[PDB]
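The data below hold one chain only, encoded as structure tokens and taken in the form deposited in one PDB entry.
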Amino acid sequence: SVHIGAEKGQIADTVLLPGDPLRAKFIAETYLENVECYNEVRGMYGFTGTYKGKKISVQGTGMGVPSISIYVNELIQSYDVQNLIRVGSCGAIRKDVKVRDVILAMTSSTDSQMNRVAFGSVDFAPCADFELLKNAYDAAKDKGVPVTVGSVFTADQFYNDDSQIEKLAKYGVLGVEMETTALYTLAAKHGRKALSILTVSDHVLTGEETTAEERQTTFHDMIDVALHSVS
């Protein structure tokens, strides 16, 4: 593919998708055995290794619909990837969304025009693969990892003067990130399975930051859920 420098078979059937390529490196080195880096193009690293003797890949996506759309499209179309699991963070937009909660996104709202480009007057509601979601849910429940299932907002503007997150929160939306709508829409359009698993990095509306310790803990829980759901 244009943006990924891998050879055939170098990428696994299951790919984890952090936004930050340095977090892709961290995940692969920390969690997987026998790791190879299959991509260095643009420094958007991708790695493959094994978890309990099963091949797992980890590919950074960058930030925003347009950047993840590139990687997801190439993974699916050039590398025949079957399962695509974003592992990332979001800003919580409700008080009931706790800093320790691991979020499994059933769907996502968005201000990206990517679906109105395709559908015009239709509001397309992207949808997580239920089999992936349920496995992740079971995995959290089994260990007692606090988990919340609901929807998120996929934003184009991290700094948005016209943000509607107040209203989104009142409609039940849990948090704001910049990737999910693209991942869920593209995977579904190609008959692949996708899921986004998210930690909470702060509460956007109260400005209240999560501590470095809290983040390390939730990150490990997210990765454990991602992996465990998958073996």
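One-based numbering along the sequence shown. Only the largest set of C-alpha atoms that superpose within 1.5 Å between the two forms is called the rigid core.
Q: If you average the CA temperature factors over each stretch, which comes out higher, 170 to 178 or 34 to 42?
A: In the deposited entry, the stretch with the higher C-alpha B-factor mean is 34 to 42.
Q: Higher average CA B factor in the deposited record is what I'm after, so tell me if that's 83 to 91 or 106 to 114.
A: Here the higher of the two C-alpha B-factor means belongs to 83 to 91.
Q: Quiz for you: based on the deposited Cα B-factor, which of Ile70, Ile197, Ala194, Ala28 is highest?
A: Across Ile70, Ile197, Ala194, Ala28, the entry lists the biggest C-alpha B-factor for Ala28.
Q: In terms of CA temperature factor as recorded, identify the highest of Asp123, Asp129, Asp156, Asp142.
A: Answer, based on the entry's C-alpha B-factors: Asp142.
Q: Based on the entry's values, in what third of the chain does the Cα temperature factor of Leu17 lie: lowest, middle or highest?
A: Lowest third, going by the recorded CA B-factors of the chain.
Q: Is the Cα B-factor recorded for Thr206 in the lowest, middle or highest third of its chain?
A: For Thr206, the deposited C-alpha B-factor lands in the highest third.
Q: Taking the chain's C-alpha temperature factors as the reference, tell me which third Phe47 falls into: lowest, middle or highest.
A: For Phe47, the deposited C-alpha B-factor lands in the middle third.
Q: Sorting by Cα B-factor within the chain, modelled residues only, which third would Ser151 end up in: lowest, middle or highest?
A: Lowest third.
Just so you know, the form deposited in another entry exists too; it's not on screen, but the next bit is about it.
Q: Quick check on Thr218: with the core superposed, does its CA move 2 angstroms or more between the shown form and the other one?
A: It does shift by 2 Å or more.
Q: Classify the change in Cα distance between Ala139 and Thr218 in the other form as closer or farther, relative to the shown form (magnitude of 3 Å or more).
A: Residues separate in the other form, at least 3 Å farther apart.
Q: Once you account for a change of 3 Å or more, let me know if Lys167 and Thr218 sit closer or farther in the other form, using their C-alpha atoms.
A: Compared with the form shown here, the C-alpha atoms of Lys167 and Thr218 sit farther apart in the other form, by 3 Å or more.
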